[PDB]
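Residue numbers (the deposited numbering), protein chains in the order written: chain D, 1 to 274; chain A, 1 to 74; chain W, 1 to 162; chain S, 1 to 162; chain P, 1 to 162; chain V, 1 to 172; chain E, 1 to 172; chain H, 1 to 172; chain Z, 486 to 534; chain U, 389 to 437. Notes for the one structure printed next.
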Ligand SMILES: CCC1=C(C)/C(=C/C2=NC(=C\c3[nH]c(/C=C4\NC(=O)[C@H](C)[C@H]4CC)c(C)c3CCC(=O)O)/C(CCC(=O)O)=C2C)NC1=O
Ligand SMILES: CCC1=C(C)/C(=C/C2=NC(=C\c3[nH]c(/C=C4\NC(=O)[C@H](C)[C@H]4CC)c(C)c3CCC(=O)O)/C(CCC(=O)O)=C2C)NC1=O
Ligand SMILES: CCC1=C(C)/C(=C/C2=NC(=C\c3[nH]c(/C=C4\NC(=O)[C@H](C)[C@H]4CC)c(C)c3CCC(=O)O)/C(CCC(=O)O)=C2C)NC1=O
Ligand SMILES: CCC1=C(C)/C(=C/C2=NC(=C\c3[nH]c(/C=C4\NC(=O)[C@H](C)[C@H]4CC)c(C)c3CCC(=O)O)/C(CCC(=O)O)=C2C)NC1=O
Ligand SMILES: CCC1=C(C)/C(=C/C2=NC(=C\c3[nH]c(/C=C4\NC(=O)[C@H](C)[C@H]4CC)c(C)c3CCC(=O)O)/C(CCC(=O)O)=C2C)NC1=O
Ligand SMILES: CCC1=C(C)/C(=C/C2=NC(=C\c3[nH]c(/C=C4\NC(=O)[C@H](C)[C@H]4CC)c(C)c3CCC(=O)O)/C(CCC(=O)O)=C2C)NC1=O
Ligand SMILES: CCC1=C(C)/C(=C/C2=NC(=C\c3[nH]c(/C=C4\NC(=O)[C@H](C)[C@H]4CC)c(C)c3CCC(=O)O)/C(CCC(=O)O)=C2C)NC1=O
Ligand SMILES: CCC1=C(C)/C(=C/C2=NC(=C\c3[nH]c(/C=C4\NC(=O)[C@H](C)[C@H]4CC)c(C)c3CCC(=O)O)/C(CCC(=O)O)=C2C)NC1=O
Ligand SMILES: CCC1=C(C)/C(=C/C2=NC(=C\c3[nH]c(/C=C4\NC(=O)[C@H](C)[C@H]4CC)c(C)c3CCC(=O)O)/C(CCC(=O)O)=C2C)NC1=O
Ligand SMILES: CCC1=C(C)/C(=C/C2=NC(=C\c3[nH]c(/C=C4\NC(=O)[C@H](C)[C@H]4CC)c(C)c3CCC(=O)O)/C(CCC(=O)O)=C2C)NC1=O
Ligand SMILES: CCC1=C(C)/C(=C/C2=NC(=C\c3[nH]c(/C=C4\NC(=O)[C@H](C)[C@H]4CC)c(C)c3CCC(=O)O)/C(CCC(=O)O)=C2C)NC1=O
Ligand SMILES: CCC1=C(C)/C(=C/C2=NC(=C\c3[nH]c(/C=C4\NC(=O)[C@H](C)[C@H]4CC)c(C)c3CCC(=O)O)/C(CCC(=O)O)=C2C)NC1=O
Ligand SMILES: CCC1=C(C)/C(=C/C2=NC(=C\c3[nH]c(/C=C4\NC(=O)[C@H](C)[C@H]4CC)c(C)c3CCC(=O)O)/C(CCC(=O)O)=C2C)NC1=O
């Protein structure tokens, strides 16, 4: 039932389903009380298209809750290829820029900071780019400017929860997944009492940020490689965070901007207080 | 020119132009060799808002570069 | 979608803050302004048919050559897709009027405009001239603050195309 | 300094954009609202003297112990600096009323408030109680939208202190 | 300025690395290909002007309304600035030929092209048609790898304008 | 983000149509009641702290387990997080109330929230209750304020309730 | 950032005073003329592209050296930068005009600008002239628009001019 | 990233061996046909815009639903996204064609792409078709260009097709 | 065939993890009286197949 | 093995299922764990044997 092979038999579109079952579907044949196996708390099964409506109806009745439906063939092509991003290409802006040296930087900051969503030409931050070109600001300075912009506020903040925002923030600004439940919490409390702007500053003035990017380096991916003071399970979070080269942050998804890192998963790396 | 243009998108209130002798506080080249920064970044003029003035200075000194000047931005 | 209401809410949210007197004053502007906006909207709505045919023709009268064979104002399909496109613009103008902001125009016509027009060999000049004409005729369907509103949004499209 | 006008301009600038109908609608709110705001401002302005003495006393009546020997409501200098401080609050309330936003309050009283109060052993409770009292009396100096405005800003200070 | 030489050096520098056999092999390509490039360059150099007058006229012959009064192919100054502009393009094509890359085109004509053309009401179609014509005639001035080079860069400009 | 007008516009566009005279007048009515709406949003803003505080006092009065060791509003750090969440939800409910549409609430607050709490071990039923108490008090304030012109705000009180009820349902 | 009210407030505060009846009525008058002000800002927004374009055509008509090789508006990259700066300055002038105060213009645009241009080799006198041309055309539009109620806008036309003149003076 | 040589090398290394005389001459042949390969890549680069444009015109000629409201290439924003994706895929196909290996196409473009589109609601069958049209026109250009020496490019036309066909298969 | 497996009676008793077994010889709630003798014809004894 | 040996006897009516005819894929899925006993059955019932 778990992770599948194949798609169809006569022909179908197999969908794999996931639920949470009562002892009504599955119980042991024991002398007392009806219980399902504790590890099949959420169970998944792959069903071809016709049997599918009948299965969902049954599951819902006897008590289960469907958690997901997704085609099997989507889910057979693995996990993302990460070769492009295991070790990236760094882009850095020099002291006397060359006229297109600076062109390189802007295109990359865009891609990285905005998480590969398209920024259309009406959309670009032109006045701010003027500034970088003249040297009035530096690459880190410019990077902070994009984050406080409406375009950044609008595709990533306004329409999703704070859990999601912060998780995106780590990906964009720091290039790495969020290590702890404390990190999520520490941030949510800051936004709540100092506002959005103070909270944005907190990733860009951090010691972690400063070491790796310094000030003239565009933030680049770095979570597919071992880092310091990183729990070990933050390397699996990175797969959940980045879905491949053609994937992007996208707020235009049918289901909306949502999570990607399970809250349960974060707790595995440690729980304390505050 | 780092001759600040406008308010340099800092918004806020007053603008202070602060110059520091930064070491590799910032700007270590991504290169394999020894955490240097370009030679012409010995003094780093930078314009910050009054609200962000104190935090920045604290992390400049904390990372070792020393402030060399300070003037109100205008 | 940019409206006075969404803008003030966005600005509050991003500072983690309840709406305050600054933001509610702003909203009152949008609500006080609705009457003029919505009068413009109703007039543009019922005249749509003729506003569109008027502007379509004016594109051919100002660019005579478009209607010769081998050209992009020739044959049923080009001339059909043109009427449609001006109709899209008037539609979003009415939406922007009703919505209290440029959002509908920004999201459905401005975002991507040039890339599309450039791939399809569509000159902005036509569209500006369609809109200049629509602006001429809307001078006598409306007046006062409804006209100012209609104008605001027509001009907004013309600047988007220059 | 946060006003409806500065907010919409900030939002335009940051997108490299001329002010559009969304932003001008917003501004109209602030201008339409000025009459009620400024009536509240004039009433709070001329009653300032007594509003301040009323609230100062109420801090001592609600915290009786403050007025003995060895306490922070004792001696000319404490009681003087108190009147002054409430006067600062009423002053910025009138400014926020006149300005069309919380800016004056945010920049001159809210930014830094807790750090200062904590270093100087000033309890917010006093200040909340000063403001609760000022709110009680302003119930009969104003009514309608001027009262709502006065309230908006008094309450804004009370939330800043909680 | 993008050439094979600058590209390999840029790639070495950015990895903090001496030039190695990969990078020197690359450079040999650029040097081996100089003869064909520079033959194209000399032929395009000596047979030059008439290409501009030919293309300028063709813009008016294809867009007749152009050479009529009130239009942008009328009067000495428009027609003068046109010849000049095509001459700029051919000039940068020769530079790109001689330089071993698109750099001169990227830095002096492509960067900013659309913004400029849009502010000044210059249609890319003219320029594409100027270049399509130049491409037709360069078919009989060159052949083999010099023609391929000339073509590479003419086509590069046409794609920059679409 | 949507407001009540923007919602109309999206549905119209999906038909390929200018707004129906039906939809036009529904929106004319929203403009008609907008002063009342502003007072209703103002009622919440002007008493935000007390609404949260009073909800809180009462939540822990009922559920004294949350403030024992082992409980999800113990020690100070957790209580501050719980007080903060009460504020966040009250905030997005007020935004929805200015907007005439729940979307900002659903998209930037409620989406994923239940699964967050379950991951954290935060008892969702207690959070739902804290939201029910905020509703009671918030509406209290919407209905009985300082020198507002007398009239009928029940339509708006209902709509505010559905935003509180959305949040509760979404979380429990 | 300041607007005309905020400016009043800052000066009052430096006295330790509630606003003078003097200052109150100066601000009452600004509210009195605010519809005209909105039309004036709208005049600029509604013709921004043409104002820049027309200023531009005329700047290069006068100074044909800028568009020769060696000139600061040559090649396309530099012309686009020059067109962009014309827009930036027109933009901050319109902001000042909505605000009734020059500060946003001086603080975000004019501060350091001259020294930038000198560092770049950009001829400041030509930039000053481009600003003078934008002024002529912008005011043209403020004075002769689409079906605005007839009245006297000279006070506002002056004030707009001083913002254009500030920029010119600051840059030349 | 792999090219056709790099691929050989990886397979050799997995044997622990110097390249087989078999593999050596396969690669000698790739060098033999490399001028043709350069012309083939050049054919695509030199007509990229038209290849995308012509594919596009034809895609929407066939599928007039995409350009209706409700359709995935409506309004301008979505059409621009669709036009861009056409360019992105044509770009990675040209890279594969210079390389003599599909890997850059599969790793940087095709990996995850189908699941992206399904998440977005983008009709994959329409995207597959747009890719089939790009193939027709691209190969058209590879086969009939400006004064290239006459010879047989069918081997390269096939290989280009398989890259177009990989993309189509991967997406549909 | 689907109907037997996918039915209330089969599912209620054999769950998703038990394997089917003879229950004809014991009273099952709801069976008709003749279930018992009828089952004997069907069953031939352990060798019987 | 218990489930698999058992299932066959129970569902094939105790007819000798010889080594040459096991349904090779029914069981594979059951071991790799994708399917239940209940869908293991539904896959034997529609088999040729
Ligand atoms: C593999 C062997 C195996 C284990 C270990 C097992 C655990 C298990 N415990 C369950 C429920 C349960 N378990 C408990 C246990 C407790 N409640 C408390 O408050 C106490 C802290 C604790 C007793 C010490 C309760 C109350 C439920 C029912 C939960 C509910 O339905 O609300 C269920 C859900 C199915 C059912 O209710 O029968 C499973 C699968 N199932 C298994 O097959
Ligand atoms: C705060 C708002 C703001 C302003 C005002 C601003 C001005 C500004 N203008 C610049 C360049 C420029 N500005 C111009 C302008 C002109 N050239 C001429 O010949 C004319 C006289 C004039 C047009 C009227 C040109 C040509 C450059 C490019 C100079 C170069 O790179 O060689 C630069 C360098 C960075 C860049 O090229 O993007 C800045 C910072 N930047 C800003 O962020
Ligand atoms: C999008 C807006 C937004 C919401 C709604 C939000 C909820 C949220 N609540 C959290 C924690 C929390 N939430 C609570 C809330 C409660 N505890 C109780 O017992 C009560 C039932 C309830 C208060 C009524 C507590 C105690 C925690 C801390 C859990 C822990 O760390 O152990 C966290 C983890 C991060 C952190 O602790 O800062 C998130 C993301 N975050 C957001 O950004
Ligand atoms: C753009 C390319 C580039 C250059 C050229 C460069 C030079 C450079 N040399 C430096 C230090 C240094 N350079 C030397 C070099 C010498 N000491 C001697 O006695 C000899 C005379 C000489 C060797 C021949 C030493 C000893 C230091 C360290 C000084 C110190 O920290 O005390 C530093 C300070 C940052 C650091 O220590 O990493 C820079 C930026 N940095 C660059 O990024
Ligand atoms: C490295 C450790 C460190 C120090 C020492 C530091 C000092 C410092 N004090 C500042 C401001 C300040 N400092 C004071 C201090 C005083 N005002 C008075 O009248 C008194 C005489 C005096 C208190 C005894 C005031 C009032 C300001 C704000 C000035 C303003 O914004 O107008 C600022 C500007 C940034 C900000 O306001 O946060 C810095 C950087 N910053 C640091 O990071
Ligand atoms: C939601 C907002 C929206 C807009 C504004 C829009 C414009 C638009 N116009 C198009 C085509 C077109 N547009 C025209 C326009 C004209 N032809 C003439 O006779 C006149 C000269 C002119 C009208 C003034 C023509 C002829 C085409 C067909 C282009 C082609 O496919 O060759 C297309 C290509 C898809 C298609 O063929 O329909 C788009 C996307 N699409 C949108 O979704
Ligand atoms: C270094 C590379 C470079 C290029 C390519 C360039 C193009 C360019 N063409 C311009 C104008 C122009 N371009 C033309 C073009 C034409 N008129 C016709 O008769 C034909 C239709 C067409 C030729 C095909 C016209 C008429 C103008 C005058 C536009 C105006 O000012 O109204 C201008 C405005 C400044 C000026 O008036 O000279 C630029 C910058 N400038 C550069 O620096
Ligand atoms: C600063 C932002 C802003 C606010 C807050 C605002 C409020 C406002 N509320 C009003 C009316 C009112 N407001 C209410 C509200 C209520 N009636 C009740 O009995 C309930 C307790 C309460 C329910 C919410 C009623 C009944 C009216 C009179 C009817 C109406 O005008 O719709 C009016 C019309 C003038 C008047 O009759 O007083 C204004 C201007 N205007 C603004 O620009
Ligand atoms: C959407 C933002 C917004 C705008 C733009 C706005 C404009 C606006 N302009 C007005 C008046 C006016 N506007 C002008 C403006 C002018 N008179 C001239 O002759 C000059 C050409 C021009 C100089 C700027 C004049 C003279 C009046 C009438 C007098 C007055 O009401 O002050 C009025 C009062 C109603 C009327 O008399 O028409 C409004 C509402 N209101 C708004 O809410
Ligand atoms: C690695 C290289 C790469 C690829 C291939 C890529 C695909 C890609 N296409 C996207 C959207 C899109 N793609 C299309 C494409 C189409 N619409 C149609 O109806 C047609 C069938 C088709 C054009 C042929 C559309 C319309 C969207 C926008 C969907 C939306 O936001 O609603 C998005 C979401 C982000 C965004 O909108 O910018 C990604 C990541 N992104 C990448 O980085
Ligand atoms: C700047 C990068 C670069 C390119 C593009 C390049 C092309 C190039 N193509 C060549 C040959 C050729 N190219 C083709 C190509 C074709 N024949 C056809 O009929 C088809 C339409 C087309 C299929 C792709 C053929 C048939 C030859 C002659 C045979 C050969 O040399 O392999 C030659 C050998 C000289 C010659 O015979 O002309 C060169 C140098 N060299 C380079 O350095
Ligand atoms: C359709 C409803 C229904 C009925 C009526 C029913 C009767 C029934 N009674 C049975 C056994 C039995 N019935 C009895 C009953 C008795 N023993 C005595 O001495 C008394 C005279 C009498 C009680 C009054 C006993 C002792 C057995 C077990 C016989 C054995 O296994 O040795 C069995 C064999 C299966 C089993 O043991 O569960 C059936 C099917 N089953 C059904 O499904
Ligand atoms: C409970 C344990 C058990 C036994 C004992 C058993 C016997 C048994 N033997 C069978 C067949 C058979 N048995 C034989 C045996 C023989 N043929 C000869 O000529 C010899 C005399 C003899 C071997 C010594 C043959 C040939 C068949 C197949 C008959 C046929 O299909 O034509 C069958 C029919 C099902 C099948 O073919 O698998 C059963 C049930 N089944 C069981 O489950």
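Ideal Cβ positions, reconstructed from N, Cα and C, are used throughout, including at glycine.
Asked	Found
Hey, which unbroken runs of the beta strand (DSSP E) at 3 residues or more fall wholly within the region 22-49 of chain A?	46-49
Using a C-beta to C-beta distance shorter than 7 Å, which residues of chain E count as neighbours of residue 74 of chain A?	111
Under 9 Å between C-beta atoms, does residue 63 of chain W make it to chain P?	yes
Across the region 19-31 of chain A and the region 49-69 of chain A, are there enough close Cβ pairs to call them in contact, namely three or more that are closer than 8 Å?	yes
Would you list the one or two residues that DSSP bridges to residue 15 of chain D?	D:47, D:71
Closer than 5 Å between the C-beta and any heavy atom of ligand 5: which residues qualify, listed along the chain?	A:50, A:53, A:54, A:57, A:58, A:61
Could you check if residue 498 of chain Z belongs to the surroundings of ligand 12, using beta carbon to heavy atom distance under 8 Å?	no
If you reduce the DSSP assignment to three classes, tell me which class residue 103 of chain H lands in.	helix
Of all the options D:3, D:228, D:208, which has the alpha carbon lying nearest to the alpha carbon of residue 78 of chain D?	D:3
According to the neighbour-count rule (16 or more other Cβ atoms, all chains shown, within 10 Å of its Cβ), is residue 413 of chain U buried or exposed?	exposed
Can you tell which of H:7, H:80, H:163 has its C-alpha closest to the C-alpha of residue 52 of chain H?	H:80
Tell me which residues of the region 57-69 of chain H have at least one Cβ-Cβ distance to chain V shorter than 9 Å, keeping chain order.	68, 69
Grouping DSSP H, G and I as helix and E and B as strand, with all else coil, what is residue 17 of chain A?	strand
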